[PDB]
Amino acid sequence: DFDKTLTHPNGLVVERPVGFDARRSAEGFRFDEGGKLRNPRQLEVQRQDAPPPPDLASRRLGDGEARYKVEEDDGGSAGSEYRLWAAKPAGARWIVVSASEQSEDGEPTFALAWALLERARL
């Protein structure tokens, strides 16, 4: 479910999730789900110098060890808004993934966001 490879002037390498629209941002890429959906997924992947906050939740991701956080905001009739923030060590630096979608069925898996982060390197 990934296709095109994408490379940033800052050295970040990721794949464009299939069915998504890619845009370059300050320190990475933004992906917005294709089409005109009621409730599209939005992802961002960025290179980051600054380390994550201490004590974030910890998860095994591929080789292992991402630290993440999930926040829940009031949304609308498609459900609350859920925001993932996740960081993986990238040498002495960090790669960060932010993801958003609504859900009326509790916290989303964010599988695609986790995948993107896993397949990210510099």
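Residue positions are given as counts along the sequence shown, with the first one as 1. Here, rigid core means the biggest group of C-alpha atoms that superpose within 1.5 Å across both forms.
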property: Between stretches 61-69 and 82-90, more displaced by Cα RMS in 5 other deposited structures of this protein (rigid core superposition); result: 61-69
property: Of 108-116 and 11-19, the one with larger mean CA B-factor; result: 11-19
property: Residue range whose averaged C-alpha B-factor is higher in the record, 29-37 or 42-50; result: 42-50
property: Residue with highest C-alpha B-factor in the PDB entry, from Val70, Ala90, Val97, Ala78; result: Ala90
property: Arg83 - Cα temperature factor, lowest/middle/highest third of chain; result: lowest
